[PDB]
């Protein structure tokens, strides 16, 4: 049997005992609220920060809501973290990942701008990507309303947001923003199609993210399987920015993250590959329920500081 940490296993066993409905058995609204409730109980509380401020920027389909997190009211020029939440491009919002954003801002002492991008099925592919790209370009322009100067941007995100991280880095690589992507941090990302992977079959059930849920998100989002904005393993890696790929050993889409890190090495790009042992998908947002996952987040933070120099 696969190795599972004791605190992780207890979390999984409690979820199994609840025996709740699948995403397909719920309404959209019920599914989104269930995710809000999961992270609300499972994650550590928000860090206190000097700045937690709602902003917005123009997008291709209207204003894109943003949330700015900063431990400092006033700071020197530096990189700005641009964050895209997970949820399959169907669920999640600025609140489901709020506490994680405050933690990243507190531990990095950098500003974090989270993106409230358009969700499927109401707005299918490529809506989320268009919004994530637009918001990152806007931050990269050091607009007056941001209140600090960006010398570069750091795309970061979990699951679907790790997909968006890579896609944004590819889009900005092809058509630069006002400053470069200095580092990207895809966290358990979907880079290659998970269908047919060994990890998908091994961890299809019982490891937080299920095969059933992956299928539900895919049907809602309707990403074109040949489009690198849907599956960025298909993109041009030859100028990828410095990268930290974090995966989880029990993740059904673990092998997609392995595939991406291998593609970067094959292209000669600098990459840190961290595969967290004995924890699942979503470990960044269950840090109270599974206290050892705070340590996993902290390893990602230490790698980011090293790769920023």
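Positions refer to the first chain, counted from 1.
**Q** Looking only at CA atoms, which has the higher mean B factor in the entry: 114 to 122 or 139 to 147?
**A** The entry gives the higher C-alpha B-factor average to 114 to 122.
**Q** Mean Cα B factor from the PDB record: higher for 16 to 24, or higher for 297 to 305?
**A** The recorded data point to 16 to 24.
**Q** For the CA B factor values reported in this entry, which option in 269, 281, 39, 262 has the top one?
**A** Of 269, 281, 39, 262, 39 has the highest C-alpha B-factor.
**Q** When the CA B-factors of 158, 103, 109, 227 are compared as recorded in the entry, which is the largest?
**A** Highest C-alpha B-factor among the listed options: 227.
**Q** Would you check the entry's CA temperature factor for residue 168 and let me know if it's in the chain's lowest, middle or highest third?
**A** For residue 168, the deposited C-alpha B-factor lands in the middle third.
**Q** Check where residue 32 lands among this chain's C-alpha B-factors and tell me if it's the lowest, middle or highest third.
**A** Within its chain, residue 32 is a highest-third residue by C-alpha B-factor, going by the deposited values.
**Q** Residue 89's Cα B-factor: lowest, middle or highest third of the chain?
**A** Its C-alpha B-factor belongs to the highest third of this chain's values.
**Q** Report the third (lowest, middle or highest) to which the CA temperature factor of residue 238 belongs, ranking only the modelled residues of the same chain.
**A** Middle third - that is where residue 238 ends up once the chain's C-alpha B-factors are sorted.
**Q** Looking at the entry's B-factor column for C-alpha atoms only, identify whether residue 252 ranks in the lowest, middle or highest third of its chain.
**A** CA B-factor rank for residue 252: middle third.
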